[PDB]
Amino acid sequence: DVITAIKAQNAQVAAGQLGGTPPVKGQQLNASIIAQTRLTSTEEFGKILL
Amino acid sequence: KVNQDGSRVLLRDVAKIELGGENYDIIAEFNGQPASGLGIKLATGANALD
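Chains A and B are the protein sequences, given in the same order. So the entry's author numbering is basically just the index in the first sequence, starting at one, shifted up by 201. So the entry's author numbering is basically just the index in the second sequence, starting at one, shifted up by 251.
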């Protein structure tokens with residue numbers, strides 16, 4: 202239970218841009234989405250819903 | 252799926268099953284016309300000429 206939490210909770214996900222891959226006619230903003238990304242402290246580690 | 256009235260929901264009913272490419276990121280045209288190409292580069296030491 203502890204192990205399998207420190208996994209989900211502390212991991213590194215993926216999430217497309219906005220345009221990039223084939224978009225719609227006349228689009229304008231392409232940006233990069235930034236989803237889940239690794240904890241970086243004993244603090245954030247301290248806090249894991251177990 | 253297979254909904255309660257027992258119909259069918261297959262991909263045609265949710266995904267537009269097409270046939271494009273891996274990336275939609277490189278768009279190229281020769282003489283203002285839609286084209287593809289390959290950037291043939293020189294193996295180290297072999298003769299550009301040969």
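Using N, Cα and C, we set each Cβ at its ideal position, and we do this for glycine too.
Residue interval of the alpha helix (DSSP H) (run including residue i)
i: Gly-283 (chain B); result: Run containing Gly-283 (chain B): none; DSSP gives neither H nor E here.
i: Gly-247 (chain A); result: 243–247
i: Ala-206 (chain A); result: 204–207
Contact set for residue i: own chain, Cβ-Cβ below 6 Å, skip 5 residues either direction
i: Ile-268 (chain B); result: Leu-262
i: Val-203 (chain A); result: none
i: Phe-246 (chain A); result: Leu-240
CB-CB length for residue i against residue j, believed under 8 Å
i: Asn-231 (chain A); j: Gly-220 (chain A); result: 3 Å
i: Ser-242 (chain A); j: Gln-218 (chain A); result: Not really, about 29 Å apart at Cβ, beyond 8 Å.
Among the options, the one whose alpha carbon lies nearest that of residue i
i: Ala-215 (chain A); options: A:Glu-245, A:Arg-239, A:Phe-246 and A:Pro-223; result: A:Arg-239
i: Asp-276 (chain B); options: B:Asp-256, B:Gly-283, B:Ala-266 and B:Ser-287; result: B:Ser-287
i: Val-265 (chain B); options: B:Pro-285, B:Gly-272 and B:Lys-252; result: B:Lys-252
i: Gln-213 (chain A); options: A:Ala-236, A:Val-203 and A:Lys-226; result: A:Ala-236
i: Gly-290 (chain B); options: B:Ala-297, B:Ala-279 and B:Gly-296; result: B:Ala-279
Beta-carbon proximity list for residue i, same chain, < 8 Å, skipping 5 on both sides
i: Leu-250 (chain A); result: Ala-206 and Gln-210
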